[PDB]
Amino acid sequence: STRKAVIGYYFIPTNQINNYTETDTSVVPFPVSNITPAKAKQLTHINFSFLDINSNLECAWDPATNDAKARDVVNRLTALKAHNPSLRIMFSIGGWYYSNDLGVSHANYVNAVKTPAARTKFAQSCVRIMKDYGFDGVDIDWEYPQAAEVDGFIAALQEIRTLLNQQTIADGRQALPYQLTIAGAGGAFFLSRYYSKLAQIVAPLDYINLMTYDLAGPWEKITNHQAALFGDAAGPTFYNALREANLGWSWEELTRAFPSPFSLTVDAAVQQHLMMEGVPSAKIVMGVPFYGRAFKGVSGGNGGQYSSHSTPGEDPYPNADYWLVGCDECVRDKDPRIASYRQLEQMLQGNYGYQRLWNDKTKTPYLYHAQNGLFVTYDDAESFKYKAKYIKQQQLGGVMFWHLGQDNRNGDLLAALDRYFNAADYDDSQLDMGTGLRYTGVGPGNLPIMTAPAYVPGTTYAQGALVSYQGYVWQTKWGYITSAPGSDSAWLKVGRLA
């Protein structure tokens, strides 16, 4: 019973920093003061976002940033630590806008990690920004290094870790050591870019915060849940790209690890991490969305699930038709495709025509607007019970979420996560996790415990025979085999001894 991490992004754009105020929500909708002492206590980390990498290949604020206002906002966050001596204010470098393959700063990420000298300079800039502004650690949210750049990225994290460790010693911060995290891919297509080197990536980290949300969106042909915990056989499935990663595994090893097609769920991403040797469950943090994704143009029959739709994917949103009925924040932000949980409660409570439905396979809620043909996929305090139960059962490190401003005013989502993990009186021992589709892949990092008769030399084993030998349970790939398990290619390591 180590405390689960509870990691909340605090995102504030440059224009809001530069006009920062705590008394006008039309300029800053979500000021630091909305994070009350009670919320501060429920959080373990706050990820201040986003810093960038500049063309000097250093960690830097957006250069339009007013530095005194920036320091002041950051000081308000670090003052929160007075209510909670476990609390850290991290900062994040990257995000989609800055760091995506076509993002505005993308070449800076590539070049910052490309060579030994560039990495030294970058790493030093991170620690220096951390100490100058009073942050408690470094989060990297590069979406995403491509297979060629992965060795540099790894080396960059290793170097940052060493510098963080020096800093923790210099400041005598062993009670709350400076930390290093990344925001990891939560679906196999991006994950496949660095999957083969996952143990190396995770080794220098305190946590890898899986972005296990945005698993559906307007870029797909068919509506779906953006953060299904388990799979729905009625729903779409996807090619498992991990089976083409450069792993050096055999056909049978790849097949047993990477079923395809597969359901793109939270459970899949988590298992895909656990399958790798050297990736410990305690370092894996499950991301959850504090917002819904909305689609229009959907047909009926199944609550708007798994339907074609007409939601534009362009960015910025390409006209002024704000068709997400009742969503006032969408008008403010000029995009009807995303609604905060905060806004969604209001849409459901007003006379706007939505029903709240529940998929008992995915263990996630959804809104359906029968009259206009709208579907919204989001998470709430109910879906979080199952996700928290899963976090406990799988011995994950905790939960991360984007983002704090999207909680409702009383902070019920955060409170709920804090309760499912820490409340003495909350009991989920009978919470039924459903018959949704589990990801069944097995790999070297997550072998099940098994028993079988001991291997006997001289015996002819038929295809599919199971024996135990030198700590493991092995299975013949064909028959008849007589070789000692592990000595040639005929035997598959399927389990570990009892």
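Counting begins at 1, following the sequence as shown.
*Asks:* Output the stretch having the higher mean C-alpha B factor in the entry; the candidates are 293-301 and 231-239.
*Replies:* Going by the record's values, the stretch with the higher mean is 293-301.
*Asks:* I need to verify one thing: averaged over C-alpha atoms only, is the B-factor higher for 207-215 or for 114-122?
*Replies:* Between 207-215 and 114-122, it is 114-122.
*Asks:* Between 270, 367, 138, 170, let me know which has the highest C-alpha B-factor in the entry?
*Replies:* Each of 270, 367, 138, 170 was compared by C-alpha B-factor; the highest is 170.
*Asks:* Between 278, 318, 94, 134, which one tops the list for C-alpha B-factor in the PDB entry?
*Replies:* Out of 278, 318, 94, 134, the record gives the largest C-alpha B-factor to 318.
*Asks:* Going by what the PDB entry lists, where does residue 9 fall on CA B-factor within its chain: lowest, middle or highest third?
*Replies:* CA B-factor rank for residue 9: lowest third.
*Asks:* Pull the Cα B-factor of residue 32 out of the PDB entry and bin it into the chain's lowest, middle or highest third.
*Replies:* Middle third - that is where residue 32 ends up once the chain's C-alpha B-factors are sorted.
*Asks:* Going by the entry, which third of its chain does the Cα temperature factor of residue 408 land in?
*Replies:* As the PDB entry reports it, the C-alpha B-factor of residue 408 lands in the middle third of its chain.
*Asks:* Thinking about Cα B factors across the chain, which third does residue 442 belong to?
*Replies:* As the PDB entry reports it, the C-alpha B-factor of residue 442 lands in the middle third of its chain.
*Asks:* Going by what the PDB entry lists, where does residue 98 fall on CA B-factor within its chain: lowest, middle or highest third?
*Replies:* Its C-alpha B-factor, which the entry lists for residue 98, ranks in the middle third among residues of this chain.
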